[PDB]
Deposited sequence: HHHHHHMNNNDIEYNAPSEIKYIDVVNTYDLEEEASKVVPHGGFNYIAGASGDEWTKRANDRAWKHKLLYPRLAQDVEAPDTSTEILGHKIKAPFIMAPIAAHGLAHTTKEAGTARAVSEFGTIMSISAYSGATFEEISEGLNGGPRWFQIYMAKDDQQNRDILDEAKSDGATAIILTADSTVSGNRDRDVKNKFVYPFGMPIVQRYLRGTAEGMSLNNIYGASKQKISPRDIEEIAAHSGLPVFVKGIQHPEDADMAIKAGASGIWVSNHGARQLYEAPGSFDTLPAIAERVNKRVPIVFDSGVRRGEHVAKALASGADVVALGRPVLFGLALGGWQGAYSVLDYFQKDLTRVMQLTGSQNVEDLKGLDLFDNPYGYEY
């Protein structure tokens, strides 16, 4: 597998163009694994078009200070209200793999989410993180010893939250991967450390009782990731979740489902401040960060655009994408009259009943 290896900063004009650019340097199979989605990708398109359902108003300012994008989540002060989403197998995008992404995320000043299906060992990731904050993403194993194992791993790795991904009991119908007959070219050292001698995908099982078990034994706040329905959010909190991570997995799971942003207000209204909300699935612009905040998210998580940046320039390319989002958000703050992230949470959005074609 001939992944790119060049390390360089990139001039990000917008994140959409990074997809086609990365397609020229990433092997075909791996690129389509990253870029593709379930079915004919209608729900991936819905994730993108949902942002046109609620529109920003330019507005007058009420404060004289320059804008400040910093915020805090679970006690971590971060430079901007976005974190890195947990994504498997960064080596499909770049030879420096998860260590490269971790270096970009740590140097930028936000939180790295580590997929249990990382292609890098934690020691490799730890070198890139250089002490930066990290959260650990897990799937629910049928074998409860494996859950005890991975929770111990997360604690030993300095994780300050667990991300329990609920929406991946089985894979989505990812037509690109089926047609390409795609096969992972490398292993999963973190899960293999624990599975050796005891099928990896088939080891995973979630219900409210599962959430309760993980929350009771992790010693860390647990986000439940993949929530799209408000009653699930309520049930997850009552079962002990310390956070709700609104997501459809980048449209890589259930097909013919809503665009993720369209589900956020109903969830936020039901959560009603009880726990923090992370929002993902389709964030491509600073305007999207702002809209998610205005709609009840505390932070968003970034995914594909960062991986495409990693493909194009390693840690410096991924850093360029994070820098782009921070600068893009700053512009949106100026033009919406917002001085800080809290102001963005208070924005009034214009409801567009016409949708994408207007």
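- Numbering the deposited sequence from 1, one finds several regions with no C-alpha coordinates, namely 1-13, 212-218, 226-227.
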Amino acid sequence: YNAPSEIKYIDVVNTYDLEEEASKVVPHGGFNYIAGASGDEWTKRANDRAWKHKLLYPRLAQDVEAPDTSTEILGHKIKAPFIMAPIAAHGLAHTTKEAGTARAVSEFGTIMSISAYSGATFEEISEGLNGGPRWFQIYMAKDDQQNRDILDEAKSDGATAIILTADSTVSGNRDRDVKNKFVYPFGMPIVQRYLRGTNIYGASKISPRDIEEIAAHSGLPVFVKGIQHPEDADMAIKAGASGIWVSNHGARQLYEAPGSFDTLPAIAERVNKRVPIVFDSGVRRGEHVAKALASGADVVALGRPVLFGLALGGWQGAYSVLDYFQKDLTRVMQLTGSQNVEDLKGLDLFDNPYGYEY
From here on, numbers count along this sequence of modelled residues.
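- Just going by the entry, 9-17 versus 343-351 on mean CA temperature factor gives the higher value to 9-17.
- Between the stretches 182-190 and 280-288, it is 182-190 that shows the larger average CA temperature factor.
- Out of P305, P58, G39, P27, the entry records its largest CA B-factor for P27.
- Across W135, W245, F122, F261, the greatest Cα temperature factor reported in the deposited entry is at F122.
- Sort the modelled residues of the chain by CA B factor and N130 lands in the highest third.
- Sort the chain's modelled residues by C-alpha temperature factor and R148 lands in the middle third, per the entry.
- Looking at the C-alpha B-factors along this chain, the one for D63 belongs to the highest third.
- Per-chain ranking of the deposited C-alpha B factor places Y201 in the highest third.
- Among all modelled residues in this chain, the alpha-carbon of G75 has a temperature factor (C-alpha) in the highest third.
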